[PDB]
Amino acid sequence: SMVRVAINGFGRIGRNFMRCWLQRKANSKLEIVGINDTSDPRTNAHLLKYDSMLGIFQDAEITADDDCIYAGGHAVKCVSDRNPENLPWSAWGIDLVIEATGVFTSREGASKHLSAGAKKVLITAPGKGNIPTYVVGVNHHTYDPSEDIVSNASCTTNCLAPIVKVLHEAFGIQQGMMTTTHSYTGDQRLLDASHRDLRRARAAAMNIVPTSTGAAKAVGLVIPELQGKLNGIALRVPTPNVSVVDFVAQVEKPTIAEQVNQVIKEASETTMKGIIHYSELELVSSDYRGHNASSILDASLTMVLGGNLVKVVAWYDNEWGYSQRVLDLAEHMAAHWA
Amino acid sequence: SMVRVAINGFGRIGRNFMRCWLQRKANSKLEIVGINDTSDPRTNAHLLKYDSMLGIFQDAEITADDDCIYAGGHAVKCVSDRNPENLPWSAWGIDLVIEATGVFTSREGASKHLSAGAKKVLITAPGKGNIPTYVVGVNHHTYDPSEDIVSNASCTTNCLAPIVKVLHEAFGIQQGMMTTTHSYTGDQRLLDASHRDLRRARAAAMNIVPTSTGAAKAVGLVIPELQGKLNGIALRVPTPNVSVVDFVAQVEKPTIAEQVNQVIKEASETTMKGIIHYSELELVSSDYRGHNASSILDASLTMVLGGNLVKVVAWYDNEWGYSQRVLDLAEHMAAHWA
Amino acid sequence: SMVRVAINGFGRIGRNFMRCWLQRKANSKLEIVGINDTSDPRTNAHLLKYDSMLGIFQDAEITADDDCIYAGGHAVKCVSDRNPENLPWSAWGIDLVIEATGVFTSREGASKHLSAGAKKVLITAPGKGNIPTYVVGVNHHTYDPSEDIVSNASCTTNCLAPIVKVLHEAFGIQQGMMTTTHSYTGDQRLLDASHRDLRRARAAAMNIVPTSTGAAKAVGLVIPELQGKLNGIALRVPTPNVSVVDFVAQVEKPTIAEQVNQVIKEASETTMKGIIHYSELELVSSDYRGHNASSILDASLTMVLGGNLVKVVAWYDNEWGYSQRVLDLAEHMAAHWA
Amino acid sequence: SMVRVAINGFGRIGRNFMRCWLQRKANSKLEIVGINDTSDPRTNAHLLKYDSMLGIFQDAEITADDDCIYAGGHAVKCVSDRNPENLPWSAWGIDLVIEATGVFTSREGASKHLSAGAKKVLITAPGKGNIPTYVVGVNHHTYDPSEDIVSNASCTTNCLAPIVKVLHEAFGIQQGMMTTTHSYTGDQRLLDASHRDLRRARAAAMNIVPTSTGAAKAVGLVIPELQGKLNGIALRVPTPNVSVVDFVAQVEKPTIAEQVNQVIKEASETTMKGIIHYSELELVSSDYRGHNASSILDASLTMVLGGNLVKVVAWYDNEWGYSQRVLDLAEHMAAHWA
Amino acid sequence: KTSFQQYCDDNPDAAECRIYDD
Amino acid sequence: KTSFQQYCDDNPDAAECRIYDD
Amino acid sequence: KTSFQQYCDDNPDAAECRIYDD
Amino acid sequence: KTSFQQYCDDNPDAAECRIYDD
Ligand SMILES: NC(=O)c1ccc[n+]([C@@H]2O[C@H](COP(=O)([O-])OP(=O)(O)OC[C@H]3O[C@@H](n4cnc5c(N)ncnc54)[C@H](O)[C@@H]3O)[C@@H](O)[C@H]2O)c1
Ligand SMILES: NC(=O)c1ccc[n+]([C@@H]2O[C@H](COP(=O)([O-])OP(=O)(O)OC[C@H]3O[C@@H](n4cnc5c(N)ncnc54)[C@H](O)[C@@H]3O)[C@@H](O)[C@H]2O)c1
Ligand SMILES: NC(=O)c1ccc[n+]([C@@H]2O[C@H](COP(=O)([O-])OP(=O)(O)OC[C@H]3O[C@@H](n4cnc5c(N)ncnc54)[C@H](O)[C@@H]3O)[C@@H](O)[C@H]2O)c1
Ligand SMILES: NC(=O)c1ccc[n+]([C@@H]2O[C@H](COP(=O)([O-])OP(=O)(O)OC[C@H]3O[C@@H](n4cnc5c(N)ncnc54)[C@H](O)[C@@H]3O)[C@@H](O)[C@H]2O)c1
C-alpha cells in the first residue's frame, strides 16, 4: 500500500516538497503523515500557506491545531524534537523520512531516524561519507532497493548532471569547470554576523558571495566516468530563488555551438524529457520560478571555441525544481520498495 | 583610572560600538578590555575589520590570535560562553558590561553579569521591567551613579524622544502616534523560516514587514509627563541600515509647519546640538549612513493641519547613531563613577 | 455594442489593465482594440506575456506580428506615436482611451486624444486642474456620462479614500495625516542619475526615498466634506510592488481600537465589499500580490489614543488592485454609455 | 601647460571620473573646466556631492549656481545640449572631451566633439568601428600621439585583459571563455519596461539578467595575439556596483593552481603593480568598493584541471576602478600631447 | 527658462523628467 | 507549554526566537 | 524602419534604447 | 576544540554554523 512519509525539517525544501506532493498526490504512492521541525504546528501551517516565493497555496485549505496541520482535510501529525533518536517514527509507522534539516547528512546522523523506527531516509542534500547518491534522469534507475539511506544530491548537481550526461555521450567530456550564480539560501546571514564560514557571514542581500561547492565533483558520483574530471565554485547573489549554472567543458569530439544546441534540444525532447528543457527565448531568472525541469538550457548563450572548448548555461529553480526531483526519487523508492 | 569595559554580544551594535570607541579613544574614560560572543577571536577580528555597511576599518590594524583581538596593538581578551553567570568578569576586573546580545534585557537576565563580577550593566535595548532608561540629550542627566543596571532604550526611541521633547516644550503634546520605516535587522529571517513571530519569519529583503514596537510608549519613560500618551508601530523594509520616524501629534498650542521647523532648528543649534540635526536638503536614506545625530529632521516633510495636528519626519542611522549614543551614555557613567 | 478601448501607454498600469481585462473578458462591455506605446508590437507582446511581478500569462496565447498583438487570436492593433494628436482614434473607431502614459494628465494634454477622435479619456492618475475624479466604491456613482475626461485618481487615493469614508461616517474625521510606504515605481532612477526631482534621482532599490504626494488632499475631491482636511507624504522603499498606507486621524466621536476595527470589518462585509478587505492575519507585503481589493485593513495594527486620535494601516497592490479599479471604472462608464 | 577637459555625460562614470580627478588633481596635467549633461548645474552638483555608492564627497565643498558647479573654489562651466555639434568647445578652449554619455561611441558620433572645437575625445566605453582601444597596464604605452579619438574599453575588459596578459605570457592562452557576474547598470530598466533588448527590459533589482558582451573579444584588441580566441557573456545581478569576472582558459603550458597563483602574485608585485591586486582573503563584493586596482584576483578560487584548463576569478569596482583607469589614460594622453 | 526645463516640457516621459504621483 | 516555547526560553538568541524591539 | 527603431536612432540615450556593453 | 567549534558540533543548525552545499 502507501509508503508513509515524515518530513524532518520543514524549511524551504521541506515545505516546497510538501506543496509538490499536495499537487501530485492523486497519482502518488506516498502519504505524508508526519512533520518534525523546530517550530509548532501553527507556525508550520502558516508558512506552508503563506510563501514569499510561491504565493498563497491555492489547491487546498491549510489549517492547524495544537497537534497537527491539515491540508484539504488530510491530517499531518507534528512533533518538535531536534534529536532524531527521540522521534516517534515507530509509533507513527513511518516508512520513509525526507531529511531536509541540512544537519543529518552523514550516515551516522541520518541513521538516527532508523534507530527511531523509520525504514529509509532520503537526504535532500549531498551525503557526507558513503551514501548512494541519485539524480533523477541520470542514474536513478540504478537504485538498489536494499539501500536504507540515499541522497538526492544538491540543486546545482541536479541542474548540471543531466546536461553533462548529454554532452558526455555526444562529445566526450575530458574536463569541465562550473560556476553557479546562485540565489542566496538560509545558510547565509541577513546582516554581517558570526559564521564559521567567513563569506557566509556576510550580508546576503547586499553582496556577491563566493562559496566552495561540491556540486561539480558530485556529478562524478552520478556519472562515474567523470569522477575527478570536474570542479567549480558558487557565487551567491541577491536574489531569493532561481539560479543559473555556467559550464565550460573540454570535449574530445570537436563541435560548434549549433551542434551542441541541437544535441541538447534532441535530448530534451526524448531521453531527457521533463528533466532538461530547451529554451530559445530571451528570459530572465524570474521567468523560471516554478519551472518543473531540473535544467533549462539557455540556448542563446551557448558558445564553442576551437572545437573543444564548450560553454553552456542552464537555469534552475533551486527550491521548486529540486523539490520536484526529491518527490520523483521518493516515488521511485516507493515503487521499488524493500 | 579607566573604566574597564566588556562587550557582551559582538554583533551589529557590539561592533559598531567598538568602532565608535576606537575612533573616540583619545578622549575616552573607557577602556574596552574584553569581548564575550558566540564566535571565536579570528571571526570577531574579521567582522570588526570587514563590514558590509561601514567599510574596511581604516584607523588601526586589527589582528587576532587564539585568545584576543588586537586593535592597534591594544589587546581585547575574548571568551565564548552563552551563560553570563560563567563569564570572567571578576577575573578581568570588569567595571561596565555593554549588554548587546538582545537576550539579557530583564533585570534577572542582566544581573547575571553582576553575579559574574561586573559592577554595572548598560543594556543596548529597552529594558524589561524596572530598569532605569536613558536617552542622551533628553534625560541622561537624571542618571544616578548608584544604579547597577541601565538601559539606553532603542534606536527608534533615541530618534523620537529628542524631537518629542522639543515639540512638547514648545507646543504641548497631548497625544502622538509614530511609525518607523526601519531597515531590516538580525531578528528577521533571510528566507521564510520558522519564527515565534510570524512576521519576523518572513524573507526580510523581499517584504515590508510590520512589527509591534514599544518605542513610542518608551518615550514616556524618558519624558514622564507623556506616559501613556504615545503609541506606534514599525514597518521593516528591504534596506540594511538607516531608518526614519514619522510622528503625528496633537498639540495644545496652534502652530504651522514653518514654526515647527524653526523650533526644531533652534533646538538643533543650542540645547539639542549633536543630538538633533536639522536638514532642509532633499536627501535619501543612504546619505545618512554614519551620521552622528540621534535624529535628523527632514524639514521639507513637516506639515500641520488645523493648527493642532503636526507631522514631523526624522532620519536616524539605527546602527551607528545609536552606538554613538551608547558610547555617550557609557562615557557619562564613567565621568560620574565613584 | 462593445465600447472600443485603446490603451495609451503600455507600461505597468497599461499591461496590468490589459491582463485584468483578459481575465474578465467574458463579462465585459469593453473591447480592447488598440495600443499606442513607444515600443513595437513584438516587444509589447513579450512584456505582456513575461512579467517579473505577475508571472507568465496563463490564460491565453500571446503572439505578435508587425502590426498587432494577439491574445487568444483576438487582435489588438498597435501604433507608436508620442504625440496623441496624431493617433488613429477616429480611424479605429475608439470610444474610450485609457491614458496610462503618466504625461497627459491635464485637460489640455488628455484632450489631444479627443482631437484625434476618441470620445472619452480615463486618466490612470490624478488629474491636473478641473478633471472629475472618481474612486470606485466612494463616489463612482456620481459619474456623469456627459463627461469627456475623467481621472481614476492614484493607487494611494484608492486605498485611502474607502477607509476615510467609512471612518468619517462612523466617527467624523476632523483632520488626518497619511504616509504611504510605497514600492518603487518607474519614475525613479535605477542608479543615481539626473532628474528634475532630486529624490527621484536616487538609486531606487538602495534607498528609502521621500516624495511629496497629493494623494491625501485628493481624498477631498471624492469626499467633498473633507476638502482641505487631509495631507500626507510618500516614502518609496526597495520593493517592486505592494504598498501600505498609514493614516492618523483626529475624530469627533470617541472610540477605541476594537470599535474602529469592527466598523471597517462591517463595511468590508456590506457597503464596501470587494473594495475594502478586513484582515486579522499577520501577513507581509508579498502576501498581497494580486489582491483585488483597493484597501486591505491590517487589523492588528489599529490603535487609538485618548478616544480621538486613530491610526489605521492598510495594504494595497498598487499595480494590480489599482488596475482592477481602472477596469471597474471603465465598465461603469460603459454601462452608462449613451 | 594644462590640458583643458570637458566631461560629456555627467553620469556614473562622468561623476566617478570627476571625483577621481578631484582627489588626484595635485599631480595632474588635466584641468576639468566644463561639463555637458542633460540636467542643470544644481542637479549636477547635488549628484556629485551625494552619491548612494560613494557617500558624501569629503575632500572639498561642492556648490552650484545657474552657470557653473564649484568644487573647492574650482569653477566648472556647465551646458546642456544633447547635440555635441553645438557645444562651446572652441569658446571654452577644450582640449580633451571625456565622452561618457554612452551614445557617441562611433567615430562619426565622437567626431562631433571635434567639429565643435575639441582636439581629442576619450570614449569611456568600447568604440564602435575603427577606434584605437587602450587598457592601462596592457597596451597604453602603444598610444599614438596623433590619434584624435580613443577608447578606454569597458570595465570588464579592464579587469580581464591584465589577467589574460599575465596568463598568456606565462602559459600561452589558446582559447578562453568568460562570464562576468556584474552589478546592474543604468541601461537596465527598474521595472519591466520597453527596451530594444528584451533582457535589459526586465526589472534589474529583481532578476539575474543575461546580456551579450564584447568584453572578451575586445581583449583581442589590446592583446592582438589573442584576437578571435576569447568569448563570453554577462549575467547582471541585483547589486548596484562591484562585479566579478570568471575566466576559464585553455593554455599551452601545463600547470597547477598554486603556480597560476604564484605567477599572478608576482605580476601584481612588479609588472602589474597598481593594476592587478592579489588577494588571499575571504572577502565579498562590498569589500571591493573603492578599490583602485583594475583586477583583484581572488586566489582562493583558482583551480586547474588536466594541466591545461585554468579557472581564475577576479573582482573589480566597475564604476570607481574603471574611472581611475579613464583618468590614468587621460593623464597619459596629456603627457604625450600632440 | 533653462535647457533642462525645456527638455522636460518637450519630453515629460524621459527618465530625467517622470513624476508619478504615487 | 510547547517544545517550541521551551526551545525559545532556552535559546532566546536562536534564529527562530530573536525579538529585537526596533 | 519601425517607429521604435527610428526613435532609438534619434534618442540613443532614451530609457528604451540604452545599450551599455558591461 | 574552541568553544565555537564545540557549539557548532552541538548545534549544526544554528545560524553561526549552517553550511548548505548549493
Ligand atoms: N534551498 C535550496 O535551494 C536547496 C536546494 C537543494 C537542497 N537544499 C538542501 O536542503 C537542506 C535544507 O535546506 P533549506 O533551504 O530547506 O533550509 P532551511 O533552513 O529553510 O530549512 C531547514 C529546516 O530544518 C529545521 N531544522 C534544523 N535543524 C533541525 C533539527 N535538528 N530537527 C528538526 N528540524 C530542524 C529548521 O528549523 C528549518 O525549518 C539543506 O541540506 C540544503 O543544502 C537546499
Ligand atoms: N541593529 C540595530 O539597529 C539596533 C539598534 C539599537 C538597538 N539594538 C539592540 O541591540 C541588541 C543587539 O542587536 P544587533 O543588531 O547587534 O544584533 P546581532 O544579532 O547582530 O548581535 C547579537 C550578538 O550577540 C551574540 N549573542 C547572542 N546570544 C548571546 C549570548 N547568550 N552570549 C553571548 N553572545 C550572544 C550573537 O552571536 C551576536 O553576535 C538587540 O537588543 C537590539 O534590539 C539594535
Ligand atoms: N505603477 C503604479 O503603482 C501606479 C499606480 C496607479 C497609477 N499609476 C500611474 O499610471 C501612470 C503610468 O504608470 P506606470 O507605472 O504604468 O509607468 P510606466 O513607466 O511603466 O508606463 C508608462 C508607459 O507609457 C509609455 N509612454 C510614455 N510617454 C508616452 C507617449 N507620449 N506616448 C505613448 N506612450 C508613452 C512608456 O513607454 C511606458 O510604456 C502614471 O501616471 C502613474 O502615476 C501608477
Ligand atoms: N557604469 C559602469 O559600470 C561603466 C563602466 C565602464 C564603462 N561604462 C560606460 O560609460 C558610459 C556611461 O555609463 P554610465 O554608467 O555613466 O551611464 P549613466 O546613464 O549613469 O550616465 C550617462 C550620462 O550621460 C547623459 N547623457 C546621455 N545622453 C546625452 C547627450 N546626448 N548629451 C549629453 N549628456 C547625455 C545622461 O543624462 C547621464 O547623465 C556607457 O558607455 C557605459 O557603457 C560604464
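Here is how names work: the chains are called A, B, and so on, in the same order as the sequence lines, proteins then strands, and each is numbered from 1.
Within the 4.5 angstrom heavy-atom criterion, atoms from both the backbone and the side chain of B:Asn231 approach chain C. Using a 4.5 Å cut-off between heavy atoms, B:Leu305 touches chain C through backbone and side chain atoms alike. In this structure, chain C has a heavy atom under 4.5 Å from the backbone of B:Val304, while its side chain stays farther away. Interface residue B:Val237: only side-chain heavy atoms are found under 4.5 Å from chain C. B:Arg202 touches chain C through its side chain: at least one heavy atom from C-beta onward sits under 4.5 Å away, while N, CA, C and O do not.
Of all the heavy atoms in C:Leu309 and B:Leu309, the pair that sits closest is CD1-CD1, 4.1 Å. Of all the heavy atoms in C:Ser285 and B:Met206, the pair that sits closest is OG-O, 4.3 Å. In this structure, C:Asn207 and B:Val284 approach most closely via the heavy-atom pair OD1-CG2, 3.3 Å. For the residue pair C:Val244 and B:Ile208, the shortest heavy atom distance occurs at CG1-CG2, 4.3 Å.
Between chain B and the options C:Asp287, C:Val242, C:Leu230, heavy-atom pairs under 4.5 Å are most frequent for C:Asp287. In terms of heavy-atom pairs under 4.5 angstrom with chain B, the leader among C:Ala201, C:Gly232, C:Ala203 is C:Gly232.
Remark: C:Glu225 CD is loosely packed, at most 12 non-hydrogen atoms of other residues, nucleotides or ligands lying under 6.0 Å away.
If you run side chain to side chain contact (heavy atoms under 4.5 Å, CB included) between B:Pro210 and each of C:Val313, C:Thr181, C:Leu301, C:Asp246, only C:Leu301 comes through. The residue from B:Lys311, B:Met177, B:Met178 that alone fulfils the side chain to side chain contact (heavy atoms under 4.5 Å, CB included) condition with C:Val248 is B:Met177.
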Given salt bridge (charged side-chain N to carboxylate O under 4.0 Å, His left out), test C:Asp298 with B:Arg199 step by step and report yes or no. CA-CA 13 Å; C:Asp298 198 310; B:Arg199 307 218 221 206; 2.9 Å; yes

